[PDB]
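In structure tokens, the next block holds one chain alone, the form deposited in one PDB entry.
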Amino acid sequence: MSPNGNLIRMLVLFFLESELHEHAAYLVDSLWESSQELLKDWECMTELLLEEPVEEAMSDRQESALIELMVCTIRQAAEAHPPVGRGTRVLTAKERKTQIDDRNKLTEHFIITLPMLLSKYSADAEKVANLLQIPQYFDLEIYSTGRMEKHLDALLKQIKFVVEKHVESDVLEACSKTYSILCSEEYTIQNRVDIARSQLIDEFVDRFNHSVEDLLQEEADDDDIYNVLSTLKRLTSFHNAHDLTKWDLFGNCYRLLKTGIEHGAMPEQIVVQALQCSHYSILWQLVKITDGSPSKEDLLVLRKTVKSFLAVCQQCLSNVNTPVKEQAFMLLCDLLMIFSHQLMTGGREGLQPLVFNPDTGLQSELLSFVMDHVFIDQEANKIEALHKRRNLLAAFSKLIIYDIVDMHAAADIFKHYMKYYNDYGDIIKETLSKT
């Protein structure tokens, strides 16, 4: 009770203090067979996290590590298998019984305590993002079963406060996914969550629209910039998993971008976010048009939107800020692949009016960016910046394979940059073998 308290407090200390386990997930997994009883004492953990001390308090770093370990135990209990990259998966009657009982315990416990955890740690971006990994493991039918409506209201309150207080992409994405899970995965609670979600979106679209209007009518203030960026960030996060097309966000993103090209003075993050949001609008417009039975004018309206946006992304390759170029480049390489002839697979030849062939100018600009921003002369930031350039090339590779860009001009560039491997590689290879 307080015994298990010491053992957990020390488990959190051994984790942080030794570099004998890099990953909380792997520490939890390794101890799982020997210490399941302890590692599922969630009452003990939430008590450590929520109580005020008598003596000796927990540090921010140990609080963070307990939350990260707690969430790892919640996963392992619910999935009843080792974590990704310790796998090898057929449960006994008693493992299956233990899994169901564990899912019941952690659901009842965290429906009650997760709102309290979010309240207390509301301002800490890393902690909140970790805590919001918990609902995915809930047996959500229990929100009805337990007359537990009061606690669903409480989580929704706390997600609203979190979304309202934060702009970090991890927090916002955690919030987006938590609404997604609450809605479409039990009818009983669907209607209540939909109401809270659309009210949250409503308040954010209003503040966004008023801020767009402020920024563009305006001399332009650092307040004007913050208001546009901050609200657009929230809406961009949600627009991936939530269909926000009912709110015409593409229209205002389009003005922000047109303004940024014309007068060349739109802050980089507003352009990047505006590009992402516009993209998510278009992808959702496309899904409604596939699944529907769309008319001629339906198709020709989505086309005008998509051609106007392809134009914007092209112009944005010329933006001074490389984060804009990369965003514009990534979207060009997605959209040119989606609105390719592929779109007329699975008996969907109705969509022909939506098909796009990039002109010469665009193909050449998509070649330039590869030469200038994938293949560059010159810690942790650099393994990350390299995986990105890999993804940019890989995205662009797909266009080459299906002849959407000039596949010869592309390989000419791959020649140029591989030369030293094709000129000296064998000699370098065998040299390095004998050392």
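A residue's number is simply how far along the shown sequence it sits, counting from 1.
Absent from the display: the form solved in complex with a small molecule. The rest refers to it.
Of the heavy atoms in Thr360, some are within 4.5 Å of the small molecule in the entry with it bound. Proximity of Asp406 to the small molecule in the entry with it bound falls within the 4.5 Å heavy atom cutoff. The small molecule in the entry with it bound is approached by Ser364, whose closest heavy atom lies within 4.5 angstroms of it. Within this chain, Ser35 is remote from the site of the small molecule in the entry with it bound, having no heavy atom within 4.5 Å. Considering the small molecule in the entry with it bound, the lone stretch of 44-52, 368-376, 382-390, 24-32 in range is 368-376 [heavy atom distance within 4.5 Å].
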